[PDB]
Amino acid sequence: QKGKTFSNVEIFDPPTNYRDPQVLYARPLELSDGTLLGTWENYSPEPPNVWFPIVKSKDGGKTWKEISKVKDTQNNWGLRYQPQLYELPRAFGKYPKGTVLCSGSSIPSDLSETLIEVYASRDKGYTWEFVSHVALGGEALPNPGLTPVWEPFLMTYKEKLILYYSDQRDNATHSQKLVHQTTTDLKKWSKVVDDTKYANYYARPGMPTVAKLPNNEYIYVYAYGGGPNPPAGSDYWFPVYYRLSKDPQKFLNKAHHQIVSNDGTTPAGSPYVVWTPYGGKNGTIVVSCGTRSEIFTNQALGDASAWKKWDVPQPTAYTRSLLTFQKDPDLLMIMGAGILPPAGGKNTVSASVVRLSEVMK
Ligand SMILES: OC[C@@H]1O[C@@H](OC[C@@H]2NC[C@H](O)[C@H]2O)[C@H](O)[C@H]1O
Ligand SMILES: [Ca+2]
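Residues numbered from 1 in each chain as written, not as in the entry; some residues may be left out. Chains lettered and ligands numbered in written order. Heavy atoms only, no water.

Structure determination for this PDB entry was carried out by X-ray crystallography, with a resolution of 1.85 Å recorded in the header.

K.L.:
If you had to explain the packing of aromatic side chains to someone new, which residues and values would you point to?
P.N.:
Overall, the coordinates contain 17 aromatic pairs when judged by the stated rule. An angle of 55° between the planes, with centres 5.8 Å apart, marks the rings of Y164 and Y220 as tilted. In this pair, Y164 is assigned in strand 11 (residues 160-167) and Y220 in strand 15 (residues 218-225), connecting sequence segments 56 residues apart. Both residues of the pair, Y164 and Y220, belong to the buried class. Plain terms: the ring middles of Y220 and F251 are 4.8 Å apart, the flat faces sit at 25° to each other, and that makes the pair stacked. Linking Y220 in strand 15 with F251 in the loop between strand 16 (240-245) and strand 17 (257-258), this pair joins segments that are 31 residues apart in sequence. Judged on exposure class, the residue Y220 and its partner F251 are both buried. (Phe/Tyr/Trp six-rings, centres within 6.5 Å; stacked < 30°, edge-to-face > 60°. Helix = DSSP H or I, 4+ residues; strand = E, 2+ residues; numbered from the N terminus. Buried < 20%, exposed > 50% of the residue type's maximum accessible area, 1.4 Å probe, protein only.)

K.L.:
Explain the nonpolar core to me, using residue names and the numbers behind them.
P.N.:
Within the largest apolar cluster, 28 residues are counted, with the highest numbers of intra-cluster contacts made by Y164, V210, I295 and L332. Only strand 10 (149-157), strand 11, strand 15, strand 18 (272-276), strand 23 (328-336) and helix 1 (356-359) provide two or more residues apiece to this core. (Core = buried A, V, L, I, M, F, W, Y, C linked by side-chain atoms within 4.5 Å.)

K.L.:
Which residues make up the coordination of the calcium ion (ligand 2), and what values do they have?
P.N.:
Protein coordination at the calcium ion (ligand 2): the donors are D13 (OD) and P14 (O), at 2.3 to 2.5 Å from the metal. Taking the relative accessible area as the measure of exposure, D13 reaches 56% and is therefore exposed. (Donors = N, O, S within 2.8 Å, 3.2 Å for Na, K, Ca; no water.)

K.L.:
Before we move on, can you summarise the UniProt feature "binding site: Mn(2+) 4" (unreviewed entry) in the chain with the specific residues and values?
P.N.:
Using the residue numbers shown here, the UniProt feature "binding site: Mn(2+) 4" (unreviewed entry) corresponds to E358. Topologically, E358 is positioned in helix 1. (UniProt positions renumbered as here; feature names shortened; annotations may be inferred.)

K.L.:
An account of the side chain of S352 is requested, with residue identities and associated values reported.
P.N.:
Its place among the elements puts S352 in strand 24 (residues 349-355). Classification of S352 by relative accessible area gives buried; the value is 0%. For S352, the side chain forms a polar contact with the main-chain nitrogen of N8, separated by 2.8 Å. Apart from the residues within four sequence positions on either side, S352 is in contact with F6, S7, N8, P313, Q314, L332, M333 and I334. (Polar contact = N/O pair within 3.5 Å; in protein donor to acceptor, adjacent residues only side chain to side chain. Contact = heavy atoms within 4.5 Å.)

K.L.:
Describe the sheet that holds strand 9 (residues 129-137), naming the residues involved and giving the relevant values.
P.N.:
Reading across from one edge, 6-7-8-9 is the order of the four strands in this open sheet, with antiparallel pairing throughout. The sheet is open, and its two borders are formed by strand 6 (79-87) and strand 9, each paired with just one other strand. Within this sheet the neighbouring strands show an average axis-to-axis angle of 20°, counted without direction. Bridge analysis of strand 8 (residues 114-121) against strand 9 gives seven bridges, and the strand direction is antiparallel. From the neighbouring strand, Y119 faces strand 9, where its bridge partner is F130. (Pairing = 2+ DSSP bridges. Axes fitted to C-alpha atoms, helices over the stretch in contact; angles between N-to-C directions.)

K.L.:
Got a sec to walk through the site of ligand 1? Specific residues and values, please.
P.N.:
Near ligand 1, the surroundings consist of 16 residues, among which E41, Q82, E151, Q176 and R204 are the closest. The separation between an oxygen atom of ligand 1 and a polar side-chain atom of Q82 is 3.0 Å. One nitrogen or oxygen atom from the side chain of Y318 is found 3.3 Å from a nitrogen atom belonging to ligand 1. Relative to its free-state accessible area of 450 Å², ligand 1 is covered by the protein chains to the extent of 87%. (Near = heavy atom within 4 Å. Areas by Shrake-Rupley, 256 points an atom, 1.4 Å probe, with all protein chains shown as cover.)

K.L.:
A description of the environment of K71 should follow, citing residues and the corresponding values.
P.N.:
Of note, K71 is situated in the loop between strand 5 (65-70) and strand 6. Here the alpha-carbon distance between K71 and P53, two residues 18 residues apart in the chain, equals 8.8 Å. Those residues in contact with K71, other than ones at most four positions away along the chain, are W51, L79 and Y119.

Put into structure tokens, the structure is as follows:
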């Protein structure tokens with residue numbers, strides 16, 4: 001149990017010539033053999049077309065090396081935004097258990113279109129193959145009236161793989177809404193199913209992440225753009241809300257809850273949720289958001305009155321992400337790739353591993 005924590009390891013410091021914000025949107029993955037993989041949006045000068053770098057750690061995140069790049073082999077655009085890594089926990093069609101997936105959005109350098117893709121690695125991240133196209137959208141700017149798709153998140157439920165994402169395609173009715181599609185083979189995707197939408201046109205629920213709880217329930221966490229009560233001097237904000245459901249295909253008609261910590265802190269922006277068995281029968285739900293450095297925890301299965309907040313040494317970052325370690329539930333990785341543009345040339349990809357038993361004190 002000794003020597004497993006470490007603070008602010010620098011995974012990747014981009015060159016001066018990368019385009020603002022240079023890097024962003026870090027995502028980690030623990031494989032069944034204990035190795036870690038990571039990726040981020042890599043804003044290299046183009047051409048050549050942008051790619052998702054894949055880094056590997058064998059020592060629990062202390063040291064890293066690049067072992068491959070996921071490249072767009074289909075569109076001659078690049079893999080540009082919102083990567084997401086995922087290890088299959090069971091076979092889906094011809095992809096066995098242990099296959100690594102990388103989802104993300106392929107987008108031309110002019111940002112005229114958006115395309116959520118799935119790539120797969122059969123060798124724990126050394127090589128990649130295109131698998132399928134998921135969702136095509138329009139222009140890659142987060143403005144009302146445009147029709148892009150964004151921000152894929154993968155999770156298995158029973159025999160289905162669910163891919164949740166953000167959707168502006170219903171542009172006459174919702175500025176953006178949250179949706180999913182499912183697959184049983186990674187080839188054929190189900191029709192679009194709504195997960196969260198709001199009647200007010202200018203509402204923009206976005207950036208969905210999901211975690212399984214030990215009471216047969218799932219928690220769906222998102223940033224509710226256009227949510228009520230923007231703070232003084234703000235006409236529009238992105239408070240973190242969530243929903244609870246037994247069936248993670250049916251969040252749509254579940255009551256929303258805002259996350260507010262015991263002291264009144266209101267996380268906002270680009271959230272990320274995990275659950276670990278640490279801390280009791282209920283374990284611990286841990287959420288990060290994009291505007292605070294603290295983590296927010298809940299040891300009461302998502303009871304709205306039970307959120308707490310704790311400092312960690314990893315700085316605030318856009319869609320700062322979290323990872324739990326299968327063989328040690330007390331250990332939490334927090335990974336970030338800096339802030340939204342303008343970043344001032346100072347974003348780097350970094351991570352910390354903390355113990356909840358130390359940090360929750
Ligand atoms: O990831 C790069 C980033 O994506 C764009 O924003 C997407 C919006 N984020 C919250 C909403 O869910 C979505 O519409 C932004 O232009 C890029 O910097
Ligand atoms: Ca740099």
